[PDB]
There are 4 protein chains.
Amino acid sequence: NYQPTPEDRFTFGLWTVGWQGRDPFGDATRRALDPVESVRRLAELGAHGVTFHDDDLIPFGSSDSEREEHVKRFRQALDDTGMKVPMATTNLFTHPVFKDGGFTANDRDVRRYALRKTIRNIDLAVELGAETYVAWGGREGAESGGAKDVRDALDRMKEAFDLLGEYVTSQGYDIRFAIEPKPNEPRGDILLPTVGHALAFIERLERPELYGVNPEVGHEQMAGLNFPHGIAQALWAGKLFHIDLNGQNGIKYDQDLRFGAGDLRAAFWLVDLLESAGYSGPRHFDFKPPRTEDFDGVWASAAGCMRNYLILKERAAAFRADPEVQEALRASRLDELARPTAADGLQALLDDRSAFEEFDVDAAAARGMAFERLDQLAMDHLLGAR
Amino acid sequence: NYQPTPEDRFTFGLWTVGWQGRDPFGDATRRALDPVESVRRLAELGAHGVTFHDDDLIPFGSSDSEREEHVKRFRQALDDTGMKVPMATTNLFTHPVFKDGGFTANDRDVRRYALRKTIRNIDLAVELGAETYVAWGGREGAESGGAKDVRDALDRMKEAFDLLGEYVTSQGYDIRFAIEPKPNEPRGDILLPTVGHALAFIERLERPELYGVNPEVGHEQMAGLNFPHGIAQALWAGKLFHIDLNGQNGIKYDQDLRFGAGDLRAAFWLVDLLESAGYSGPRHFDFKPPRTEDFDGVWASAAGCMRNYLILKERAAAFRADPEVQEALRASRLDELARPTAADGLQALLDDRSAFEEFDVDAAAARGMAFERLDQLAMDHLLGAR
Amino acid sequence: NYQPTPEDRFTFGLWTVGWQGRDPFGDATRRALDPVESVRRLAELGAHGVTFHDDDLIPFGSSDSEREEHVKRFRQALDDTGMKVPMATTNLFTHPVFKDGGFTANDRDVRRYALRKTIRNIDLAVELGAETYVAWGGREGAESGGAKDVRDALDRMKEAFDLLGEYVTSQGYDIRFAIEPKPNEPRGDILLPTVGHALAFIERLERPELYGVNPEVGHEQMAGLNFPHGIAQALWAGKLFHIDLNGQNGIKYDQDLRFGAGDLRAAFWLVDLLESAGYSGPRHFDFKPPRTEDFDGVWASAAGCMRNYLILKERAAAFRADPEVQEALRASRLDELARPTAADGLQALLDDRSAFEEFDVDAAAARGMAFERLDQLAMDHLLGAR
Amino acid sequence: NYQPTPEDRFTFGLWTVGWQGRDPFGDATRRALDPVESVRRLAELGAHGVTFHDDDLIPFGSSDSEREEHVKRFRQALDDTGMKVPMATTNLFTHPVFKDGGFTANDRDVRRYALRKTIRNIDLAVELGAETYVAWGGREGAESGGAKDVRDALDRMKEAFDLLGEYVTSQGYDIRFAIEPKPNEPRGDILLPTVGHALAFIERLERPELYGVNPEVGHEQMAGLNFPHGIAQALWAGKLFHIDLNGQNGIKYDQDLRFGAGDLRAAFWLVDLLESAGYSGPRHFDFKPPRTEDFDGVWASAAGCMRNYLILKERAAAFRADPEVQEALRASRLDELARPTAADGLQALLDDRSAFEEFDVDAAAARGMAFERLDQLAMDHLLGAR
Ligand SMILES: [Ca+2]
Ligand SMILES: [Ca+2]
Ligand SMILES: [Ca+2]
Ligand SMILES: [Ca+2]
Ligand SMILES: [Cl-]
Ligand SMILES: [Cl-]
Ligand SMILES: [Cl-]
Ligand SMILES: [Cl-]
Ligand SMILES: [Mg+2]
Ligand SMILES: [Mg+2]
Ligand SMILES: [Mg+2]
Ligand SMILES: [Mg+2]
């Protein structure tokens, strides 16, 4: 039951299943994985593909000859398995040089270095067939108020993104960028902390059409925000270029639990939205197999991500298709929500005595919304209790 | 010391000092205030002006003759005191008709009614001299996932805002709109939950130049976000049309404490930013004198808002002017943050061996940022311990 | 399917289904319910009983003759339906006199009044057959640091509880007290904010055996705490005298959603714990039918509380009974967790070279815990995907 | 101004200033410090002493001869400087063996090992003169619900603590234990998550008099709790054996900012409470110099901890001593809060018509608490604006 296949478009970062378990308070609990092994094991599980940071695939500091060999072996694994690489990103956070940021480091030399490191990897991402290039500005921010003038930092961030858009345009690449927001951790506050902030920022770029968002479940939940609502807004804006799926139990450190763990009902409403909107991009998991687990547990966690997506997909579909639910949705006036408020125009609205002078506000107020009955139908579908 | 005058541009909502103390679990602890009394008392405290919801000034359901008399007496108080009315807003949340929203109610008749109620009040706001019209979509949202299709709701919200922009344009009014975001309460999740979400939404409106934001301290803090950072972004976008000042102790119900209470250091960095950016609009307080207080305590709380702003203004100014701080800011490379990363252009960056092939990343990494020393100078200034 | 009967011990507060929908920003959306109607309607739904605050049953200020008639009619409804009243409590929060608390009001006269109001109602609770008397110190706390000396307030709270224990003892009543913790709202911070704080406090009372806790799902979740873990601790202490079931979506205002909404997986693990521990008390719902709902929606929400409990009970039972789960639990060493660490004693532990000098820490470290596989079995059971 | 001296009893963990800057997403930014250097540098700053985990002082795996030399050199530094070691603790979290806990690991062998590792270090702590032995159960908990039966885990935790109390008693040591609560991180939820939970647990131990708490500012703030209120309760219980001072900006990952950063007003009310209660133990800082900082910044951050404590101490003292504040405190009835509610006894209270039948609740309700004026006096004192 609920067996993934590559047509489901499930993808995983190399850094997910490859996480060695080092946390702020603990040493590694697992050995490093060869990317080749991870491709092979994921393929066996039904995955469609993998994503990488530059430094996951090619150890920082590698010679060109080493670099060539790492890529060659990785490409052989993809060829052996039929796995794709839909997305890649740059590690602008691990090396101590990025301690005050990459693109918005106070030190100009560091900003220039961050751009050069990104550009090098964009070339590689294209060669591997990636359609999306993610930027996660995890070190862009501050722990204290004087340390970063945020207007200056946003000027730097815009400059960076504008230069990367010039580069892709100059090379004739089809690849697009996706900003992954996060509100805090590792910096006390991170710039562009939410989907809303990233969307707004994009509209200030020279070529806004090249940039979207890569929202992560856990990250919006770390601000206590409603993830399906943020995704709806991104979709509404035409900017959902990629999505990062995982779980998170509330407002705390970034847990990166397997998808479906954490807020299960939010997961349900997310899959409902993605499927009903016809989202066609990768279903990418950015999760950490807990450091309690050995390698068998790693592969169990990854299989569980995909399984949970497919179960929720089934239940959401059954929800939307159920004639009793369709009736409930009409009872709750969701059909009315989708109709124009005033397609008649402003003057007609102004002249419509039924909209004000003769509006019976007490009758309107007395009509129940019937949302509880609708929501219990949703719960019954999720739990298979219909 | 730290005595407000009207040139400080301190304003208060009628609903702030007029709050009767009714909370979810308690009845009113104070009698209603006549708006006339509130204007008079605020003026005596050094305030510049007041703001109102339609229903604060004119009781819901009033006849035209009653409406005329309420406005006449209010205008006499303004004339008697020299107080201004820089901003107004519509109550689209108290009456049970708005239980599922105003502009995004599922019921079309309610949406039309909300627009008509707003338009009526825009006319009044203009007559009273307001430059900004605030919209706080406090009932726009949901407690359950099926109850609101957010893409449909955003279509409705855009339609609403677009119609209001048509109206103001058709009448030749100079007034501009400001959206006040809030993440939750009274709905489980509110649409446009943060400054970022509101900014992004504005860029989809037919006339984006007519709309900005009215961020509230407590509201961004309820998402655990950094308020000065959100304000920086709004300023960066040219959209800080108004601001709502108050205090909040973390992620919980909307406390609306007097400004300076709550996160005191965040208040410091906010006033530093507003003053250094030359923000010229009203310094508006949206606060609730706690229901423990009698009328003397109400006026004490209001005086305290203004006092705290003025103390922080002094300390921030002293901070920025201190030659030791200026030296620390250079030590922390804040001057470098404000310089272009690559004014030489993309090709020059690509050809610059100092940016990659010959960049000494270990030397760069070893340079401390000196942010702790800078931050302690900031603390010493805030506390007057220099 | 999943039809409640009175043997399930489902109970509801009169204030739950009777909530008129007044919130901080909105007027009532529903008329008041007669308690008699609520008893009748709940009975029809399969409920076992109801609970009350003094002022839910008898309007504040009632004459003795009015008081007698209100009780008489309520008792007739219980007799007509077979409904029980297992728990009652005092309203020490709505009336403005309690604005700074009841038992810990700074004003001594108010503290004395709060005690007298409680004692009167304890007599009534006993006459109605209640076994538990709840205290929810919702106004006991502060919005500012100087307003309440917490050590003095805890002295007052102890004095209050000690006097109530003297009273029940003096009258020969079998009733026991249960403290309901809440971290904030309506006060900025509430005293005894969590289950842990209440448990600790109880151990300082003169007769600790008379006092336990009445933890509420939403309340521990408002501190971001794990509700099933808090309940485990209360059970471990022998102090789970009653429980309040509802839902809550994270750290925000107290939502009081119907049970099962909110954190669904946490609900699962709670019902698993209650059932496996053989908790025998009332399954009490403290929920608010959302103010969007009319009276039909009220009864739908209440039915949904019970339905969700029964679904989760089935799934948890199936989980624990499944031989594959039992195998997984052994693989994860849950059986070992339940065995003594050192039943051999301290000296034997000290002399055991296998515990230190010859302990192979690397072998131990390499053993995976297999928790992900266990957790996915749990998810598959919850969702009926086995 | 505000220069620390050893009589201030400021102490630091070796792991604080010695933090190399490794975070979940980043490599070390600073070299390791020799404990000897840290003692010397702290002494120069005015510190009173240092604390250690076993593994901070003696590298895990050291031979007895290596162990002897590490201790010898450390003791020479203490002798050279006059620095004390008031507290020590065991590292039961870094090594992968502790991935599922120490005392409550599901694997019995690990639990036994954790006890043996602790006991060894208790002997060392005593030899170095420590009066308090801290336990921080950072790995005791779970990320999923089936992984840990919390009642079984609490049985194991009690067994562990009981054995350690037997050991100290058997050796005639004067040292006492202090449990340091934390709600989450590194485990999804940590057992004994708050001060309240730890206090309650202690009352179940065989010798409760040997155990107290070591509350940390940031940790209670991570649950959104009021730290000064938790400290008041610990003091009320007679269990404040030690305290960990730092800063934290709200509900998020454990930031461990320097004391005074984070919630500045909460810091004020904490120092006010500690000083007014006559807390006589170490003022211990558990802080992380941000990884942006070089070694000069490390020492700046440490100096800042002490400076901020001393500034707040001055301001709190000035607050309490100010005759206008004393008048305000009487106006707010804080003196009445400190008087018994019913020293006359239960019968007299029952017979007192002024407490109920003749209590004028409307007069009582109308009396304002004057808390805003009191709180603004507090703000004016904190900011030196009197
Ligand atoms: Ca994440
Ligand atoms: Ca607010
Ligand atoms: Ca509640
Ligand atoms: Ca900490
Ligand atoms: Cl922007
Ligand atoms: Cl948008
Ligand atoms: Cl206690
Ligand atoms: Cl306990
Ligand atoms: Mg991600
Ligand atoms: Mg506001
Ligand atoms: Mg309750
Ligand atoms: Mg600590």
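Looking at the method and resolution fields of the entry, one finds X-ray crystallography and 1.85 Å.

**Thoughts on the coordination of the magnesium ion (ligand 12)**
Taken together, the protein donors to the magnesium ion (ligand 12) comprise D:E180 (OE), D:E216 (OE), D:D244 (OD) and D:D286 (OD), at separations of 1.8 to 2.1 Å. Donor residues for the magnesium ion (ligand 12) sit on one chain with the sequence pattern E-x35-E-x27-D-x41-D.

**Quick look at the coordination of the magnesium ion (ligand 10)**
Residues and elements named next belong to chain B. Surrounding the magnesium ion (ligand 10) are the protein donor atoms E180 (OE), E216 (OE), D244 (OD) and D286 (OD), at 1.8 to 2.1 Å. Separating the magnesium ion (ligand 10) and the calcium ion (ligand 2) is a distance of 4.8 Å, and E216 donates to both of them. Taken together, the residues span a long stretch of sequence, with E216 in the loop between β8 (211-213) and α8 (217-221) and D286 in the loop between β10 (283-285) and α11 (295-321) at a distance of 70 residues. Both residues of the pair, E216 and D286, belong to the buried class.

**Digging into the interface of chain B and chain A**
Tallying the contact residues gives 100 residues for chain B and 100 residues for chain A. Roughly 9200 Å² of surface becomes buried between chain B and chain A when both sides are summed, with 61% attributable to carbon and sulfur atoms. Among the residues of chain B in contact with chain A, B:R116, B:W236 and B:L337 are the three that bury the most area, contributing 10% of the side total. Where chain B meets chain A, there are 14 salt bridges. Notably, a salt bridge pairs B:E357 with A:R116, separated by 3.3 Å at the nearest N-O pair. The tally of links from chain B across to chain A stands at 58 residue pairs in polar contact. Sorting elements by how many residues they give to the side of chain B that touches chain A places helix α6 (residues 150-171) of chain B first, with 12 residues.

**Description of the UniProt feature "binding site: Mg(2+) 1" in chain A**
Residues and elements named next belong to chain A. In the numbering used here, UniProt assigns the feature "binding site: Mg(2+) 1" to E180, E216, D244 and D286. What stands out for the annotated residues spanning 107 residues is how close their C-alpha atoms remain, the widest pair being 11.4 Å apart. Here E180 lies in the loop between β6 (176-179) and β7 (189-190). Of the residues examined, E180 reaches a relative accessible area of 9% and is grouped as buried. The exposure class assigned to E216 is buried, which follows from its relative accessible area of 1%. When neighbours within four sequence positions are excluded, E216 is seen to be in contact with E180, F227, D244, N246, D254, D256 and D286. Within the structure, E216 has its side chain in polar contact with the side chain of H219 (distance 2.9 Å).

**Details of the UniProt feature "active site" in chain A**
All names here are of chain A. Per the UniProt record, the feature "active site" sits at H53 and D56. Mapped onto the secondary structure, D56 falls in helix α3 (residues 54-57). Given a relative accessible area of 25%, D56 falls into the partly exposed group. Once residues within four sequence positions are removed from consideration, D56 is found in contact with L14, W15 and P35. At 2.8 Å, the side chain of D56 forms a polar contact with the backbone nitrogen of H53.

**Considering the environment of D:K313**
Residues and elements named next belong to chain D. Among the secondary structure elements, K313 is positioned in helix α11 (residues 295-321). Linking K313 and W269, residues 44 residues apart in sequence, is a C-alpha distance of 9.7 Å. Excluding residues within four positions of it along the chain, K313 makes contact with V271 and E275.

**Focus on the relation of the copies chain B and chain D**
Here the two chain copies are tied together by a rotation about an axis and a shift along that axis. Aligned on chain D, chain B shows an RMSD of 0.0 Å; the corresponding rotation is 180° and the shift along the axis is 0.0 Å. Taken together, the rotation angle and the small translation identify this as a two-fold axis. Considering only C-alpha atoms, the residue of chain B closest to the rotation axis is B:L383, which sits at 2.3 Å. When the interface residues of chain B are mapped onto chain D, 100% of them again lie at the interface, so the same face is used by both copies.

**Considering the pattern of salt bridges**
Between side chains of opposite charge, a pair can form when the charged atoms approach closely. Following the criterion strictly, the structure yields 152 salt bridges over all chains and no others. In this structure, D:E206 and D:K158 form a salt bridge, with 2.8 Å as the shortest nitrogen-oxygen distance. Pair noted here: D:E206 is in the loop between α7 (195-202) and β8 (211-213) and D:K158 is in helix α6 (residues 150-171), with a separation of 48 residues, a long-range link. For D:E206, a relative accessible area of 58% translates into the label exposed. Salt bridges here are not isolated pairs; linked through shared partners, they connect A:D100, A:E143, A:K148 and A:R187.

**Quick word on the side chain of A:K117**
Here A:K117 is to be found in helix α5 (residues 108-127). Among the residues examined, A:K117 registers a relative accessible area of 5% and is labelled buried. Not counting chain neighbours up to four residues away, the residues in contact with A:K117 comprise A:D54, A:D55, A:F60, A:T90, A:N91, A:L92, A:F98 and B:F356.

**Quick notes on the sheet that holds strand β8 (residues 211-213) of chain A**
All names here are of chain A. Reading across from one edge, β8-β6-β4-β3-β2-β1-β10-β9 is the order of the eight strands in this open sheet, with parallel pairing throughout. Either end of the sheet is taken by a strand with one partner, and the two such strands are β8 and β9 (243-245). Each adjacent strand pair in this sheet contributes to an overall mean axis angle of 30°, direction not counted. Sheet topology places β6 next to β8; three bridges connect them, and they run parallel. Paired with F177 across the bridge in β8 is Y211. On the sheet, helix α6 (residues 150-171) packs against β4 (132-135), β6 and β8 and is oriented at approximately 155° with respect to β6. Across the sheet, helix α11 (residues 295-321) lies against β1 (10-13), β9 and β10 (283-285), angled at about 145° from β1, the strand it touches most.

**Brief notes about the sheet that holds strand β4 (residues 132-135) of chain D**
In any sheet, the strands associate via hydrogen bonds between backbone groups, in a parallel or an antiparallel arrangement. Residues and elements named next belong to chain D. If you walk across this open sheet you meet the eight strands as β8-β6-β4-β3-β2-β1-β10-β9, and the pairing is parallel. Looking at the sheet topology across the chains shown, the edges are occupied by β8 and β9 (243-245). Averaged over all adjacent pairs, the angle separating strand axes in this sheet is 30°, with direction ignored. Sheet analysis places strand β1 (residues 10-13) next to strand β2 (residues 49-53), joined by three bridges and oriented parallel.

**Some words on the packing of aromatic side chains**
Working definition: an aromatic ring pair is given by the centre-to-centre distance plus the angle between the planes. Under the definition given, this model contains 92 aromatic pairs over all chains. An angle of 75° between the planes, with centres 6.2 Å apart, marks the rings of B:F268 and B:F319 as edge-to-face. Taken together, the residues B:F268 in helix α10 (residues 264-277) and B:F319 in helix α11 connect sequence positions 51 residues apart. Residue B:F268 is classed as buried on the basis of its relative accessible area, which comes to 1%. A residue is classified by how much of its surface remains accessible, and B:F319, at 0% relative accessible area, is buried. Between the aromatic rings of D:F12 and D:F287, the centroid separation amounts to 6.1 Å while the plane-to-plane angle is 70°, which identifies the pairing as edge-to-face. Here D:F12, found in strand β1, pairs with D:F287, found in the loop between β10 (283-285) and α11; they are 275 residues apart in sequence, far enough to count as distant. Note on D:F12: relative accessible area 0%, which makes it buried. Linked through ring pairs, A:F103, A:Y133, A:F161, A:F177, A:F201, A:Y211 and B:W236 together constitute an aromatic cluster.

**Here we look at the packing of helix α9 (residues 227-237) of chain C against α6(D)**
One can describe the packing of α9(C) onto α6(D) by two numbers: an axis separation of 9 Å at closest approach and a directional angle of 60°. Taken together, α9(C) and α6(D) sit at an angle that is classed as oblique. Once α9(C) is placed against α6(D), the crossing between them reads as right-handed. Residues C:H229, C:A232, C:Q233, C:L235 and C:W236 of α9(C) form the contact with α6(D), whose participating residues are D:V150, D:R151, D:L154, D:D155 and D:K158. Looking at the contact of α9(C) with α6(D) residue by residue, the classes come out as five nonpolar, two polar and three charged.

**Section: the relation of the copies chain B and chain A**
Under the fitted operation, chain B is carried onto chain A by 0.0 Å of movement along the axis and a turn of 180°, and the coordinates agree to an RMSD of 0.0 Å. Comparing contact sets, 100% of the residues at the interface of chain B also lie at the interface in chain A, consistent with an isologous, same-surface contact.

Reading guide: rules and limits
- Residues numbered from 1 in each chain as written, not as in the entry; some residues may be left out.
- Chains lettered and ligands numbered in written order.
- Heavy atoms only, no water.
- Donors = N, O, S within 2.8 Å, 3.2 Å for Na, K, Ca; no water.
- Helix = DSSP H or I, 4+ residues; strand = E, 2+ residues; numbered from the N terminus.
- Buried < 20%, exposed > 50% of the residue type's maximum accessible area, 1.4 Å probe, protein only.
- Contact = heavy atoms within 4.5 Å.
- Buried area = accessible area lost by both parts, 1.4 Å probe.
- Salt bridge = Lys/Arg side-chain N within 4 Å of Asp/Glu carboxyl O.
- Polar contact = N/O pair within 3.5 Å; in protein donor to acceptor, adjacent residues only side chain to side chain.
- UniProt positions renumbered as here; feature names shortened; annotations may be inferred.
- Least-squares fit on C-alpha atoms.
- Pairing = 2+ DSSP bridges.
- Axes fitted to C-alpha atoms, helices over the stretch in contact; angles between N-to-C directions.
- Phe/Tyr/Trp six-rings, centres within 6.5 Å; stacked < 30°, edge-to-face > 60°.
- Parallel < 35°, antiparallel > 145°, perpendicular 65-115°, else oblique.
- Left-handed = near helix turned anticlockwise from the far one by under 90°.
- Nonpolar A, V, L, I, M, F, W, Y, C, P; charged D, E, K, R; others polar.

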